[PDB]
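This document starts with one chain, in the form deposited in one PDB entry, laid out as structure tokens.
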């Protein structure tokens, strides 16, 4: 949403001074917790999925990526092991591949 985004920036005209918006822009950047909305919109636009349904996937990816990093998994057949037997094979292998390529760099981010 970039059209109704500028319709939100206009609310800055309800401010009291140029000092409050000066401290409001500084707090809008460093607070990276607001980056989730950009992640949701880019997920809904790339997968043609609902906002509520995009939240379920992102939590799943977060949960699994954190998991393979926590246990420090370098084994391919170990990654494949936690996938259920009735899981889409090509997607299972695609994920497994991505897990292996980033399991090193991800663990450093802790």
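Numbering follows the first chain given and starts at 1.
Enquirer: If you average the CA temperature factors over each stretch, which comes out higher, 84-92 or 6-14?
Expert: Mean B over CA atoms: larger for 6-14.
Enquirer: Between 96-104 and 21-29, name whichever shows the higher mean Cα B factor according to the PDB entry.
Expert: According to the entry, 21-29 carries the higher average C-alpha B-factor.
Enquirer: Could you tell me which one of 57, 44, 64, 34 shows the highest CA temperature factor in the PDB record?
Expert: By C-alpha B-factor in the record, 34 ranks first.
Enquirer: Taking the C-alpha B-factors as the PDB entry records them, is residue 51 in the lowest, middle or highest third of its chain?
Expert: According to the entry, residue 51 has a C-alpha B-factor in the chain's highest third.
Although not depicted, the form deposited in another entry is the subject of the following passage.
Enquirer: Check 65, 74, 49, 34 against the rigid-body motion between the shown form and the other one and give me the one at the hinge.
Expert: Of all listed residues, the hinge one is 34.
Enquirer: Relative to what is shown, are the Cα atoms of residue 55 and residue 33 closer or farther apart in the other form, where the gap shifts by 3 Å or more?
Expert: Closer, not farther.
Enquirer: Given a CA distance change of at least 3 Å, are residue 41 and residue 7 closer or farther in the other form?
Expert: They are farther apart; the C-alpha distance rises by 3 Å or more in the other form.
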